[PDB]
Amino acid sequence: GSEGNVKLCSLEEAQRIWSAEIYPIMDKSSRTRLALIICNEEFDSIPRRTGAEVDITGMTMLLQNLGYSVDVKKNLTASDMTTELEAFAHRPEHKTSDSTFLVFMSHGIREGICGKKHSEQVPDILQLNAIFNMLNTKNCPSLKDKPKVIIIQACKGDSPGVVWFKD
Amino acid sequence: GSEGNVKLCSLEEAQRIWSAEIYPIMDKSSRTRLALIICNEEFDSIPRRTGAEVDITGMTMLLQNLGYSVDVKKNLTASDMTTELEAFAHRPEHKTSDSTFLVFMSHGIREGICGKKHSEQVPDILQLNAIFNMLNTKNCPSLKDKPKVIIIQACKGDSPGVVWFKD
Amino acid sequence: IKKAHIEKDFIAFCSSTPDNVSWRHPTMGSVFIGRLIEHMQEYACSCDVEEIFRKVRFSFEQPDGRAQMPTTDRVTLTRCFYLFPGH
Amino acid sequence: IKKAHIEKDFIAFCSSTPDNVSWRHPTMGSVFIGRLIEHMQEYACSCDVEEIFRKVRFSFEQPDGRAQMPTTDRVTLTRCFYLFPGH
């Protein structure tokens, strides 16, 4: 996958950026930034997501290089995803963090993200609403006033997403 | 309501902004910018939205001062809203416009925007999905590659939107 | 025939987050609307709409009294939308 | 007791628009993911995440071949999120 080497923000570039409209960053040596990657590759009833390891590698290296301790969970049902997100939201490290990233990579449909057991007959779906709910101020008070970045690689349905025109 | 007088972008400020990542603006004297305001104030089963005239005045003056010809439609069912949006999307002026604004102001619930006939017993709801669908590239080809700004004043449900904490 | 993206160059700005109320003063009007107008009047000259909308969200940051949080949704603007008022 | 906004300081970035497919090369990986990494590597130094995400959306603008349009949703960031890489 990708090396994830990030062009650095110079001392003078950070000065040019710094006024009262920027999220505060915590001290480098004391902060405990956390990121979570949930990636489903192997499914009961959906073809293997070949190339997912490339995505995992690249996102992991990038997030680490941006200063996040990265946890990776693979091949989960919507239920396991829910449990994992609840555990993540309660991690005490968030209290001494300034931000978080949550990365989801799976098959997907209009309703949401597919768990490993998903079928048309018996849905196994994580709703996007539940992600927000689980990371909200009530359920994740430690990330109050801190940027929560949610990245989702998935279809939102099976349409090519295009319209045709002659002229 | 509000006068809607907008601080002008100076010739040199427009220069400082101008590179390949900005929406192009059409010639002032030939362009035909359009905006639509749908505002429900009077309902069959929901209290009158007193103060809506202030909202209409302010948004109308602002959009006019930003260079838009503003059409105002009041007290519509979701069905009338749909018809009005279809008519708006097919307005030939969009072809010689560079952008549009769509402003919705009504009572609202989780499912969407309330039409004038809305009740818990018999819903009269415009879904946000339908707004996008009706203004998409298929249904509104004239606004392809042009910014479409949707402004919605409405509840998204009846929760105060807060959590309480001691410390 | 040629392909075009079905959904592109949209931005939605709603008065509150999912599940939650938006407030309207019976004589002074809707708070989100008034706040949006004021920020547009002031910042349309120097900021693109995404920037302006963020500024509006900031103005609601302190959950004093009748709290609400405006939200920007379904953003597929591929470029900066500057209104260039006066042009 | 004190009130706090239930939902604030979120941003979601999805690989495609509602109803629509996102693409993944079986050896090269997901196109959105690769594109996101590349833009983060390059622009985290000088741009806030909203800006970076817009740049990513721009890279998908031409609906050549396996078209898709990434979308930013449920944005309640009240401030600019700069990652300040190296800091």
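Residues numbered from 1 in each chain as written, not as in the entry; some residues may be left out. Chains lettered and ligands numbered in written order. Part of a larger assembly, values for the part shown. Heavy atoms only, no water. Residues with missing side-chain atoms left out of burial classes, pairs and counts.

Caption draft 1: Region of the structure containing the sheet that holds strand β5 (residues 71-73) of chain C. Strand order in the open sheet made by the six strands is β2(B)-β1(B)-β3(B)-β7(B)-β2(C)-β5(C), with mixed pairing throughout. With one partner strand each, in any of the chains shown, β2 (69-74) of chain B together with β5 of chain C form the two edges of the open sheet. Averaged over all adjacent pairs, the angle separating strand axes in this sheet is 15°, with direction ignored. By the bridge criterion, six bridges tie strand β3 (residues 100-105) of chain B to strand β7 (residues 148-153) of chain B in an arrangement that is parallel. Paired with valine 103 of chain B across the two strands is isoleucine 151 of chain B, which belongs to β7 of chain B. Lying over the sheet, helix α1 (residues 31-43) of chain C contacts β3 and β7 of chain B together with β2 (10-14) of chain C, oriented at roughly 140° with respect to β7 of chain B. (Pairing = 2+ DSSP bridges. Helix = DSSP H or I, 4+ residues; strand = E, 2+ residues; numbered from the N terminus. Axes fitted to C-alpha atoms, helices over the stretch in contact; angles between N-to-C directions. Contact = heavy atoms within 4.5 Å.)

Caption draft 2: Looking closely at the interface of chain A and chain D. Each side of the interface is counted separately: chain A has 62 residues, and chain D has 53 residues. When chain A packs against chain D, close to 5,100 Å² is buried across both sides, 62% of that on carbon and sulfur atoms. If you sort the residues of chain A by the area they bury against chain D, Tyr23, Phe132 and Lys156 of chain A come out on top, with a joint share of 15%. At the junction of chain A and chain D, the tally comes to three salt bridges. Notably, a salt bridge pairs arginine 110 of chain A with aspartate 19 of chain D, separated by 2.7 Å at the nearest N-O pair. (Buried area = accessible area lost by both parts, 1.4 Å probe. Salt bridge = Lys/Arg side-chain N within 4 Å of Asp/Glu carboxyl O.)

Caption draft 3: Representation of the pattern of salt bridges. What the rule picks out here adds up to 38 salt bridges over all chains. Here the salt bridges share partners, and the residues they tie into one network are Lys144 and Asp145 of chain A, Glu61 of chain C together with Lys8, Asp9 and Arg79 of chain D.

Caption draft 4: A look at the sheet that holds strand β5 (residues 112-114) of chain A. Residue and element names in this part refer to chain A. Taken in spatial order, the three strands make up an open sheet running β4-β5-β6, and their pairing is antiparallel. Lying at the two open borders of the sheet, with one neighbouring strand each, are β4 (108-109) and β6 (125-126). In the sheet, β4 pairs with β5 via two bridges, with the strands oriented antiparallel. Across the sheet, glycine 108 pairs through a bridge with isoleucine 113, a residue of β5.

Caption draft 5: Local environment of the interface of chain B and chain C. Every contact between the two is made by 62 residues of chain B and, on the other side, 53 residues of chain C. Of the roughly 5,000 Å² buried where chain B meets chain C, counting both sides, 62% is carbon and sulfur surface. For the chain B face of the interface with chain C, the top three residues by lost area are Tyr23, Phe132 and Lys156 of chain B, together amounting to 14%. Summed over the shared surface of chain B and chain C, the number is three salt bridges. There are 34 residue pairs in polar contact connecting chain B and chain C. (Polar contact = N/O pair within 3.5 Å; in protein donor to acceptor, adjacent residues only side chain to side chain.)

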